[PDB]
Structures are given as structure tokens and as C-alpha cells.
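Accompanying notes for the structure given below.
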Amino acid sequence: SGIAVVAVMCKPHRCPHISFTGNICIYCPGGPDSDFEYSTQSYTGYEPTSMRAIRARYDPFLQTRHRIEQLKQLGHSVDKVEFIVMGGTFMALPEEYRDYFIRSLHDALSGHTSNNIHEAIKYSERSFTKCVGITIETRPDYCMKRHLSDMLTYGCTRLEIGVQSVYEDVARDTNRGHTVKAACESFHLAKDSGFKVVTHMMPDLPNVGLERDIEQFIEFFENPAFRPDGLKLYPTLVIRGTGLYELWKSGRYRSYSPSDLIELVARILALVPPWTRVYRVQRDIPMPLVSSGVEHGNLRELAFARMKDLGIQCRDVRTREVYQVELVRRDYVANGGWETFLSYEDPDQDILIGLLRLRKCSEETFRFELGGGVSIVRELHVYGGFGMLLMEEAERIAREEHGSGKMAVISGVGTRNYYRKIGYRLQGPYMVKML
Amino acid sequence: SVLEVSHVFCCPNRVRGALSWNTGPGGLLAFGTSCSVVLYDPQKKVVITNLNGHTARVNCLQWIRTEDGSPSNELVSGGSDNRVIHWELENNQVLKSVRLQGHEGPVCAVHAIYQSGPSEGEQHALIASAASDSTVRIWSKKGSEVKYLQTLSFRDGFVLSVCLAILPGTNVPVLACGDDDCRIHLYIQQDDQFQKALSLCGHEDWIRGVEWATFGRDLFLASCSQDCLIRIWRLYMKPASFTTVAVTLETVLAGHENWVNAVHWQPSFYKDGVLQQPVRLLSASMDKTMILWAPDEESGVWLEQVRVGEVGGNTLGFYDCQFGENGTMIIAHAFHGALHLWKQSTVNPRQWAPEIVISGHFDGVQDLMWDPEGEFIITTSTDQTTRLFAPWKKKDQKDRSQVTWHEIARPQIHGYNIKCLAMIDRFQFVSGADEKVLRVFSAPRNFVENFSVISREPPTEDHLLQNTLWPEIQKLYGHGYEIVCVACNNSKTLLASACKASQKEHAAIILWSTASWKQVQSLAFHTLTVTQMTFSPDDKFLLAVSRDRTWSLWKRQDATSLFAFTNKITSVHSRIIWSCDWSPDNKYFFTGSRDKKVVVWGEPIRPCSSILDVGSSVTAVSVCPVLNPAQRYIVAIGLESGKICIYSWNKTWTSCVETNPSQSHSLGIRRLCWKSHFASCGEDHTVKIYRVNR
Amino acid sequence: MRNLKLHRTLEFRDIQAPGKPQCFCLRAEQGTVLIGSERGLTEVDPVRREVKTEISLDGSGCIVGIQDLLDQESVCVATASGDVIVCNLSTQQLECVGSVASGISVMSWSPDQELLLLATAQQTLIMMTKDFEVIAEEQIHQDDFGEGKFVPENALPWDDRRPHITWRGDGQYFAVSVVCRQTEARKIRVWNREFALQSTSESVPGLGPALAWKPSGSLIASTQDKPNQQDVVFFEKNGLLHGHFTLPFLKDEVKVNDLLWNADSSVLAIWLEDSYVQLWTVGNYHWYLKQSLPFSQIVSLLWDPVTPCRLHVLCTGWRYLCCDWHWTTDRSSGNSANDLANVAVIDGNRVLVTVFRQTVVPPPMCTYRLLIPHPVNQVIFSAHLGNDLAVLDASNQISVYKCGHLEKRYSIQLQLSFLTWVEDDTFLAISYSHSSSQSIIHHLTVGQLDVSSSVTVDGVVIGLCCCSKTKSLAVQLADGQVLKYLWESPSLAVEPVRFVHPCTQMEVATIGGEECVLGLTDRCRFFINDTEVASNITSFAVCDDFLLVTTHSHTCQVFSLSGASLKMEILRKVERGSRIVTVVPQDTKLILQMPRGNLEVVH
Ligand SMILES: C[S@@+](CC[C@H](N)C(=O)[O-])C[C@H]1O[C@@H](n2cnc3c(N)ncnc32)[C@H](O)[C@@H]1O
Ligand code: SF4
């Protein structure tokens, strides 16, 4: 039936910008230089995925096996899975560990003993463990041509980036080591190569007021340059061993009141476009690890109650999921290239059962499989044959309006077979059709 | 002169079908390590020699079976260098290989068997191989020259081959390959072209194991898959007259409720003058359990007799199970790379058979150091563990001769990879792993009892996996980055550490106190990280060599007349320096860099004496402590390719140049430790003990 | 998107009172303009002219402040000598309530007119309440007091040292721009209501004297002429450079003099001196140069402080002008029974088209862009034949005709307000009478040169109707609808009856066998044949006798006109910022619009 999520973690290391400035990002706890010994960056060590990883001694095979066995024993025995890689800049490491990690992670599916990543995926595509995608987190100065190619080779579908703010002074202050234009370039390259970007934003950064937050989020959700496909809300927390704790001890920094936070979250989640999903709303850190901040992790229901009391009703994808549905199409310009978003909406009770995203190749897209004059289907999803209908509409739009000759779709290695019943071939990691 | 290898320590690769046991009397074991195949005699406890012929990892081994129940001593090995090789021994030393041509893909499993064609006088064997590009290819032998009979592109796309099995049915060769989804392909040749006889399909999931057998007139085909089912077909046929095959299905079992990586029958052995082949099926599942199936139990149920294995410790099971000479002892291959042997000993419930299985590192060995007096040896490797070997002098109650060597303890199971190591006491040692600190481990009192028991029974696998750890005592903060090289003092008073550095701020050598564990000095001259550095035999000097192609004799007051000396140089070498060594009389010191130019410097001015070029780059240099009356020196250098060269240096050619072994090391050497006889370690799981006699 | 267009235009010529005008103000509830003049002169001459001229307390030759109260029933004036004099016109009373012997450079008032502050000529700033008594005073100083975790010659040749002062829409903060003489540059700083410094200005390499604040309270404008180009930059509330947009003019040949915002924070007005006045707007962070107006010397400009989209201009020749504006798209829909639809959009020196039958295109993208040298001013499509478009530019009144590639024809050789198009070659370009304010319809048709004709009519015309199939014109007045005006014959103004309120949007539709009149006003009231049906209509569309309306309450409604009768699933709920754009008759493709800048298609 449903798909069970599998989470992994990497080995501890140092973020790449420490060699130039001399310190890591201010608000980030944990790591090799913190009291949380043998814990990766941006993590304490007391979280489910975290202690499973640390008791696995950080090897993909063992922890994948534990997760799969536990989920199977629970009484589900799912068919598809989706990997998630967590913790630190995954491609700041030497390529040898990257290759070893990904190849062993893929081999842990059925049992092959691949010597290299190529044969690893070429054998994984023939498995019964229908893995549909892998997610990788990367910072903007390490999302470039080579890094994007490496992404595509491992067969990942979505990637996550942390911008956390749209003001240059905040980047200069918190010592991120990269200007805000890097976020623009990273979004441009990632979006014009078939990937689905989900971004990270935090309320209540240092030296950021309250009205400035709503203004920056309005700029975020209205400016074509900064429109993401997925929102990652993370309230700011103060945790020892970081520059933020040093500031907070001297009485400089301060945190929002509970009611102010509830109202701000309600306002932000009220202005989210219907085509944007909200992955995470709160941080996963337990109670006693954070000194000041939200001390209760049920922020979802409080925000929903505040919105209900307010007078605005959410249109997020998370709450708009499962008498006749109808095809609705939306358009907008994001990151410098015309897009389109098709769905099957039920405006009676305001839900949906099927959706699809399509985008025209903007210009000078380096990915040779595209080569210009093509279209990309960034995601398809079905709930519960609507999929072939959505593909029909997408083909019609590609042929008629875009004026394209070839079309391509990104798919996980476990589903590239499902696009063969339609008449697609394989070029690179894409399924390809001619118009 | 002479150069004999006393002992080696190795470990099988993690492929499914890595080891194979010979049939009949005097069975023999052969498995694979990083780039080689290692032999092993179960009767004894010693390794004879390795078949160093490959360039990549070796993934399949198979004995060429001899029909008349006699030892064969010819085998086939397929590697990850796109190479299938046929080897002939007929003895304990004959190393003759054929080194067939490319397969275009790393093979996973192969097979071979004798044709049994007497009409053509002595008949020969044939080989069927499958690879990454989903093809099956036939290689035959008809004497000295190999025969490329035919090629068969098994499929075109990603329709792979899961296993392979060979046995002639009655008169003609028959091939049984595996198609991933559910299928088993049974082929047959007319004259030389193999044409598809039939394809069987009864498995819901991926098929993993396929095995032949013969009983009376009926062939037997055993198979095991991932669908919680073990599937057997008794089969009576006639060879294709153009006739076809007449397969029969039978009852199945409910074994292990998990994946089954391997399954096997029982071979035929010579006893009381006749050949016996019992009806036995033995599996190798993943739930750390193994079931001894029995034939029909006089009714057809085929129920077991005892299932060995406890689900407690390891849930990842095994990759192989094979027989001894007969139904006496059964061997299995663990997931992590260890072996497990069981013996019955005239009793129906079987028990373990320890003290026989050889064990070694399953990841590259980085460093080792000799015992202070010569009792044991300690090795560290990138498998996140440390291992301790010591010889067994408590040999059999009547056989006290031929002392062997066995691993004794697993002190630490760490969470990083270990890079540097030094010994500070008989029962204490310091290790620097990937962390920015150093750790110190000392022997407990629960170890010395068994140590004196065995070195004045060797531990089992479980005892090493659960109950051999050494408690930690110390922790050495003070570095910023990884630790690259450490040294030690003659009298166990001073330490010397160096951290992985890229600038001149972190390139500072740090000295410590053995008694108090406190930093007392910090020297800084080198522009980059110090790759190696060593004390002199006397405390008058301390030499260092770094990656900045320059050396430094930079020593100052310990502060715990001058009791040190300093001198440096601008540049002499052209590439990164690797090794530095001293002399027994402290009169000369030797440096060897990657540009394979070993240079001596004499004991102000520090000029050279002569330069020497070596066929390959150097990675380790050591000098024999024992002097010679003719005022000469002995150097034993270890190179990148896996070779050791012994030279004699004479004061002012006149330098000995010809002393080196063959079949020495597959991959790079890291260090060479003389005994105060020397030991060699490498990046290919190989640690060996040598001997020189002159 | 939408495009501004001209509307009811007003012009007055009262009389040449003493000397010249300096600064004026608008009185809302009594609807008049009061002007200050040198030689002590407050004249409420405009409108019915209840003129009350008084001699203000020789003296200084300039007066800086003139402001209505509308609650204390007086007008406050201040002169360059620093004499805040409360005066009431109905009684001819004078009193120097406030006076400082230093001088006054500028006068400003709170949005709610509760507090005020003055800039003395001795480089100090003082703050008073309604009672003209000083409560606090500071000067220009350094040491911004570490707000936030933050803590050569570069002056313009023509820079004026007079400081500028602006307030915020909600009346919580006010910004002051002055000159620093130690470094010879420009500086800005923000103060709160309780009159305490809250921020400063970062270092900038060359800034002008202009200043303006968005009534929404988000941004602040400035000049910042670059070494290579010339820009208009923004300063957020905490005083940092955040965004900018570039003027299309050349280096060292123009200067900026003023910046303004309308009442609803949706139109930006800019004053350029060599002179031009331009109105812009914001799409998706793209600044559309909507309209331009070139004038030869203008004394002052003023947005209407009560109703949006109304500008007042005072010139040196004793000329006073008032202009209105309209907010509606330029659609080509209803062109023919054929399945046709597309929209035109004005931007800078070009026009962006979106074909909605064969494509769907978001605002910043386009299909068939068209470039014109001078800025364009208006566009329009035909009645029944084809979809060729006529465009008028705001520079030389040249008409350019585009054939629907894109065959072009134009004359090779303010006024011209409504250029209605009749298919063959016909331009209907209404106008107004100077100093008499009466509508003057025209009849202009195309080495061919444009030739016009002149006819007259009483009344003020609000908005022409659309010439439907084989139909002549139709005009709106301030009350009712008249002047059927047969196309080929100047005709009478008989009724087709009496608008309750002049509808903002209007149309005539052949409902069944009867030609009915439809309209929609700012009250959201939807009027049919002088009947109020519903009071919650935001946008409307009619085609193939189907009406489509927006309930403004989260619903879009459809109702057939086949029965030619209506009176206050089928419905389909919609989000908040809905606004209907062109429709397809057969495909029933209703294109809905949201405020963020995207589209939506619903069948
Ligand atoms: C698991 S991290 C994402 C991985 C990592 N931050 C990266 O660079 O991709 C999720 C978010 O937590 C944020 N974060 C880090 N430290 C935090 C803290 N002390 N309180 C709240 N959020 C924090 C990061 O900025 C990031 O956007
Ligand atoms: S780069 Fe990301 S993970 Fe690393 S310190 Fe900065 S915020 Fe934390």
C-alpha cells in the first residue's frame, strides 16, 4: 500500500567554510567541536534517526536493514521506500566516501556486491525493493555544475538547500561565507535541470524584528526569484556550544513570546500558495536540549487553531490531500523560466487526487541530455488511471504552447519501468520522448 | 641468499561464493583476499601460498571436480578485473596460470567441470562464465592452449544472471543459468552451439542458489530463493536426440523464513572401498540459522535433525556453507568476513569446531609494531578495529612441534579508522585514529590468565566478538586535526606526535610526558604536515621528514650543556619524502622519498655520501639493528607495488642490490618492523612475518 | 496587467491674484484649493471661490507651509521668517501663534493631524502638539546609539541644502534627509512618534535630495545617481539599501526633483527636471512605466489625500489642473463569434500581448512583444472585423496601427483622451473645452495625414461605451446615458436610463431580443437597467448570453441570459483576490486572477 520512509546519516566531518573564516555558522549546534561527542553537524544525538545511526556505527547497510526489518515486523511490509540523507554538507567530503556510501546504500536493497556505483544502480533498477528517490541536503556554494552532475548520477530526485534569510546583512552577520546571490544562482541551476528544490527558512534570526519577518516572507512568496517548491519552517533555537548561546548569555538576544510565535506561524502558513508544500514546521530537538524557545512540539495544532480563530483558511498541499474532480491549471514565472502546474481539484470540498509539474527549458541549461528546446516534468504524484490523463495533458501542453521538439521526465530508478509502457527511452538519468 | 615467510594473516572477501572446499580425502580450502587467492589446509593450521595473479578483487573460486573421488588440485578463479583464470597446482607449490582474455565486466560466479569424454583419450574441462553486461561465455580447455568455443549474449538490456551451474546430464554438457525474475535456463549444445532446451519457472522472488546432484539414474536440481522457500526437482531425462527433458516437482520446506544465499548437496567420498553420496541438502540463510535437512524422514516430510544458530548476536547471517571431506564437518562464511566451522564427533547433535578457522582484517592494515621482547604482535586497520596475534605453544598433547600463530584478541571496536600506533609498555599502547585526539589502552587482568594458558585454547569467534575488549583509561587533547604520525622514545619517557596539517600554524610537532600525560614542548619549523619522524637510538637527535620535500634534525631542550642539536637544509629531493631511518651507532641517517632516490647523510655541515635509484618509488625504509664486522649496513626497503628490496651499504660501486622475494605483496607497503626477522604490512589485508638467514 | 487610462478631467482658470504662487493645499469636505502667494496671500479662489484674501504678518518673501485642519476650522500657514500663524477664513482673523527667530525651512503634519514638527534654519528640529508649544528639540548629530547588532568630494553640483521630511501611512515613524558638511554628503535618519532616534543611513556614493515613504510603510525612495547609469533606490525601515530600479534616461541630462505615492500605495509619481512626470507601478518586482506627461514651469504637485487616483498640478502661469484615472484592462474579447481572445499590456517603451485562446501566459512573460520608440499611452482593438490594434503614444500623439508578422501602418507626417476605434480607419477622439470644461467629440480619420472634425455637446462625459457589432457609439454622463450618436451622422442625445451612481465599469448587451444596459460601481453594486441586484460584485463578464460575476465572498457565479431574467453543483468557490479576465464561450475557460501574480484556468 503506502510507502515507508527510511532515514540514514553520514559520518562526522567539518563544514567546508571553516578553512577560510575560522568558525562555522553561528546558530548550528553539534559536530566534532561540541560536547555532543561522535555526533554529526546540526544534530545533538538524542533523536530517533540519530541514535539508530550512532548504534549502527554509521554504515548504510546495517541501519537500512534495521529500519526495513522493524517496519516489516510492525505489520506493514511496504513495497516502495524513499531514502533520506541527513546531516552536514554531504559533498564537502572526498568523492571516495561519497561513492562508497551511495553504492552500499543501493546494494543494501537486494544483496548485490557491486564494486562501483554504476553497476550498483544498474542492478538496483531490477530489484523488488522499489526505491523511488533519495534526498540530499547541500549549501549554496556547493551546488554547482559538478555537484549537480553528481546528484544526477546517484539518481536523486529532490534536493534541499538552506538560505534561512533573504537579507545580505544577515549572511554577513551569521557568517555563512556566501553572498545572497549564490542562493539565486543555485535556485536557477537546480530548477533549470529537472530537480525539485525544497528550501529552509527560519523565523527570528538575530537582529531581525517581527514585522521584518512578515515582510521577508511576503518577498519570498511573491518575488519570482525566490519561489521554492517546498517550505522548510524551522523556528530558531538557542543551544549551548554556539555563538548564539554566547550572545544570549550576555542578554543581547531575545526570543518571541508564545502567542507572538503562534500568530506569526498562522500568518505565514495562511499566505502559502496552493502549489507550495510545507515539509517541516518545527525543529525536532527534544525538550531539555534547548534553553529558550518553543518548549512544546505540537505547534501544528496550535497554528491551525489560531488560523481557525483568525478567519483565513489554509490552502497548503499537506491539508488539501485525501463530487467529481476537474482539471485546474496554474502558471507563473519562477527563477527565470515559465512553468505550469496541473491538478485534479474538487472545489466542492477543496481537495485533490492528482497533480503534476512541468517547466520549459529556460536557456543555456548545461545538462547535455536536455541540450535546449525541451521540457521537464519535475514531479508526478497519484493518490488513492489519472496518471496517463495527466501525462496526456502534459504532452499536449509541451507540443502546443512550449514549441518543443523533445520532452524529458525525471524518475527514481525504481519507477523508470513505469514510463516504458508509454513509449519513453532512457537518456542519462531521464526518460525521454520525441514530439 | 634465502628468504622464507614464517606466517601470514588474511581474511576472505565479502562476495557470496568466495571460498570452496575440495571433495574427497585430503580436502583443501581456498578463499580470496584483496587481490589474491589464499590456500589453507584444514588438517593443519597454516597457509601454504597465495595465487598472486590478478589486478582487481577476486570474486569466485571453484575446484575442478575429479570424477573418481580423488584430490584434483586444479581450480578456476574469476575476478573483478574482467578476468577468469584457470590454475593448476598438482602440488603445494606449482604456480602455473593461463590468464584468459577480457570478459567486459566483473564476473560474479563461474563454474567448470570435466567433460568425461574418454573416446577423445583423456578429456578436458570447460568453463561457463557470467558477467556484469548480462552475458554467458564458454571457455574450454583441450591441453596447453585455451579454446574460445562460443559467445552467447544472454540478453541485451538489464536482464541479469543470478547464479550458474554446470553438469553433463548423461552424455552431453548441460548448463543451468539463472534469470532474475523467476527463471532457470537449461541449455544444451548440438555440436558446439548451445541451444535453449527449456526454461523452468517456479519462484516468486529472486533465485539465489542452484546446485546439481546425481542419484542412481536421476539428476537432482536444488534451488533456493528469497521467497521463504527451498525448491527441489528430481529429474529423469534423455539427452536431446535432436528429445527433451522431463522435469518433476516435489515437496518443499519452510526453512529460515528469509533469504537463502547458498545451498548445496553432499559430495561422494571413498569409504570402506566404495563411494558414498548421501542425500543431504544444506542451506546458508541470513537469519544466523542453519538447518540440517534429512531425506523424507522415511515418509516424505524431509524434516531436520538440529538447527544450529542463535538469533541473538548477528542478524545478517552467512554467505556460504560447504562440506569437509564427507558429512563430518560443515563450514560457513559470515557476513562480516569471518568463518565458522562445526563438527559432530560421533554424536547426533553437532557442536562447534574452533581453534582451526583463520581470521584477519577485512579492511586495509595501516600500521603495526613489534613486541618489546618478541611475544605477540598488534595491528590496526581501517575496519575500525585493532587485532592482537600471538603464537600457540600449547600444541597437541603428543605433537608439541610446529608452533603456529593465531589472532588472540580484539582490544577495541572503534568508530573511526586508525592511522597511527605506538607501544609504550608491555601491556599498554597508544593509538591515534581519525579523531583529533590520541587514546591509550592497557591490558586487563582477565586476559593474562588465558594468555599464559595458551602461550605458556585459542579464542572462538563469539569470544572475540563479545568478551575480549580492553578498557580505556586516557584521552589526549591538544591537537586540532587528524593524527598522521607518532613515535616513541627508547626508554618510554617521551612521545612525539604530528597532526594532519595544511598551514604552518598546525605544522607544529608536539611532545608529551609518558608518566603524566602533559604537553611539555611544541616545535615549529616545517612548512607543511610531517609525514614521518623518528628518534635516534641515542637521545642526541630527533629527525623529521614532511611533505615539503625537506628534512629537519630539529630537537631542543626537554625542559622536564645542550642535550639536542639542530640542522636543516634548503632542498635536495624533488618529490615528497616518505621514510627516514637511523643507524645503530648514530653515525649516518637514511632518507627515502617518492622519487625513488634513497640518500644517506653522514654525521656544521651534513653532506651526502652516495645516491641510489630504485626501480619503483619507496614507501618504507628500515635498517637491521645488528652490525657486521666489515663496517657495513643493511637496509630493507618496501615499495609501492608490493615488493621488498634488501641492500647492503658500504662506505666509500660496492652496494649489494640483489635480494628480493617473489609473490610478496599485492598492494602497497606501509612500514617494516625489525625485531629487537621482520614483519610487513600493507593496504590489501595482508600482514606477514618473514625471516632472513645470513 | 491592468492599464491606467484617462477619466473626468478638470481645469480651472480663476484670476491672476497678487504676484506668484508658492505652495497650495486641498480642502476635502468643502472641496476646494487654497493657494499661498508672496505678499501675504491665502486665497481660496478655486470652485465657488469663497475667497478670503488676507495680508499675512514685507517680511520674508517666501511661505513654506499651508495646511488644512478640517477639524479645528482653520488653516495653518508658516513663512520663511518663522511665523506659524493660525488663520480662519470665515472671520478674517490673524494670530502669530508660533514664532522662532531662527527661520523655518519646511512644515509637515501627522497623518491624523495630531502632532507636527518644524525644521529651524539653525539646523535644529522641534516638535509640537496641536497646541503650538515646543515639547522637544534636537539637531543633526552622530552616534546613532548602536541600534541593532550593527554597532573626497561626493556632493551633487546642483544639490540643494534644504532638508526633506516624510511620514508614514500609519503615522508611527518619520524620516528626515539632511546634508553632512564635514564629509559633504547626504544622510537620512528615522525617528519614532515619541521623538527618539531609531536608525540611520548606510554610506552611499552619491545621493540626491529626493525622499518619499510608502503609505503601507514598507519602503523609502531615493535617487542614488550611479557613475554609469541613474537609478531609484530603496531604504528599508532600519536604513539599508534594499533593491532599486533604473530610469531609462541618459547621463548628465536630467535630474530628479520629487517623488510621491498615491492614497492606496499603488502608483508612484516622479518629477524630472531637464521636464516630465511619470506614473509607474509594480508587477512581480517589475516596475511598469505606465504613463508619462511632458510639460515645459510647474510650481507643485499633489496627490489627492482622500480618494485614490487623482492628481493636482499647479503651474507658474497661474494654471491649475486636475486629472482622474481609471483602472481596467485592455481586452480584445467579444471581437467576433469566432473563438478569439487576447490581452494587451503597456510597459515602458513597448507593449506585451497574451493570446489566451492558444496559450496561457503570466504577467511578466508575453507573446508578440511590440517595440515603440516613444512611450505608449493607450491601446484599443476593433469591433467586428479582425483583431488589429491601435496604439497611441504619449509624446507626439502619433497613432500606430498593427495588423494581426504584425503588419504596421502609421502617419508618416491632455487632448486626444478617449480614442475609440471603428474598424475601417475611424478614430473617435473626444476632448474638453478650455476654461469651459465641456466635452468636445471629434471625428478623425487618416503622404496621408490625420484629419479631424469638430462637434460640440453639453455635459461632462465619463466613459465611452464599446462599439459592438454593427453599432455606433454610446457615451456616459454624470447622470444617465445619452448620445446614441450614429457613426455616420451627428445625432441627438435621446435615451436608449438614469444611473443611480456613475458606474466604474459599464456595457450594453443584446440580451435575447432586447439591448439592455449593465454596470458596476465602486460600491460593489451590480446595476441592471437602473435596478440594484446585488451589492457584492467585484468583476463581471458577459458573452453568449451568460453572465459571470464575483461574489467578493469566496464564490464565482454563472447565470444564463437565455430567459433574459434574473433576480437575487452549479457555483464554484474561489479564493480571496479573484478578478475575472477574458473568457472563452465554447470551452467555458474562465481565467481567474490572484493578487500574488499568477493565473488560474477553470472550466
Ligand atoms: C538539518 S538542518 C539542514 C541541514 C543543514 N542545516 C544544511 O546546511 O543543509 C535544518 C535547518 O536547521 C537550521 N538550524 C541550525 N541550527 C539551528 C538552531 N540552533 N535552531 C534552529 N534551527 C537551526 C539550519 O539552518 C537548517 O536550515
Ligand atoms: S553549513 Fe549548514 S550544517 Fe554546516 S554549520 Fe552552517 S548551518 Fe550548520
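Here, residue 1 is simply the first one shown, and the rest follow in order.
The backbone N, Cα and C atoms fix where each Cβ goes, and this holds for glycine too.
Noted in Swiss-Prot for the protein shown:
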- B:53-97: repeat 'WD 1' (REPEAT)
- B:102-149: repeat 'WD 2' (REPEAT)
- B:155-197: repeat 'WD 3' (REPEAT)
- B:255-303: repeat 'WD 5' (REPEAT)
- B:313-352: repeat 'WD 6' (REPEAT)
- B:360-399: repeat 'WD 7' (REPEAT)
- B:413-451: repeat 'WD 8' (REPEAT)
- B:478-522: repeat 'WD 9' (REPEAT)
Can you tell me which of B:53-97, B:155-197, B:255-303, B:413-451, B:478-522 gets the most C-beta pairs within less than 8 Å of the repeat 'WD 7' (B:360-399)? B:413-451
Report, as numbers and ranges, every residue of the chain located at least six residues beyond the repeat 'WD 3' (B:155-197) whose Cβ falls under 8 Å of a Cβ in that stretch; write 'none' if there are none. 108-113, 115-116, 126, 128-130, 134-136, 138, 149, 203-204, 206-212, 214, 219, 221, 223, 237-240, 244-245
Same-chain residues at least 6 beyond the ends of the repeat 'WD 1' (B:53-97) with a Cβ under 8 Å from one of its Cβ atoms are 13, 15, 17-28, 30-37, 103-114, 116, 125, 127, 129, 131, 139, 141, 146, 268-270, 275, 663
Where the model skips 6 residues between B:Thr652 and B:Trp653, distance between their Cα atoms in Å: 9
Residue list, the repeat 'WD 9' (B:478-522) vs rest of chain: Cβ under 8 Å, 6 or more residues beyond ends. 419-425, 430, 432-438, 440, 528-535, 537-539, 542, 544, 546, 554, 556, 558-560
Round to the nearest Å and tell me the distance between the Cα atoms flanking the 10-residue gap, namely B:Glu603 and B:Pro604. 9
The repeat 'WD 5' (B:255-303) resolves under DSSP into 3 helix, 19 strand, 27 coil
Kindly report the helix/strand/coil residue split of the repeat 'WD 2' (B:102-149) according to DSSP, in that order. 0 helix, 21 strand, 27 coil
What is the straight-line CA distance, in whole angstrom, from B:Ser676 to B:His677 across the 23 unmodelled residues? 9
Just need one number: Cα of B:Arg456 to Cα of B:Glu457, in Å, whole number, across 62 unmodelled residues. 11
Just need one number: Cα of B:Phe242 to Cα of B:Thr243, in Å, whole number, across 22 unmodelled residues. 6
Need one number: the Cα separation in whole Å between B:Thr560 and B:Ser561 across the 8 missing residues. 15
In the repeat 'WD 3' (B:155-197), how many residues does DSSP call helix, how many strand, and how many coil? 0 helix, 23 strand, 20 coil
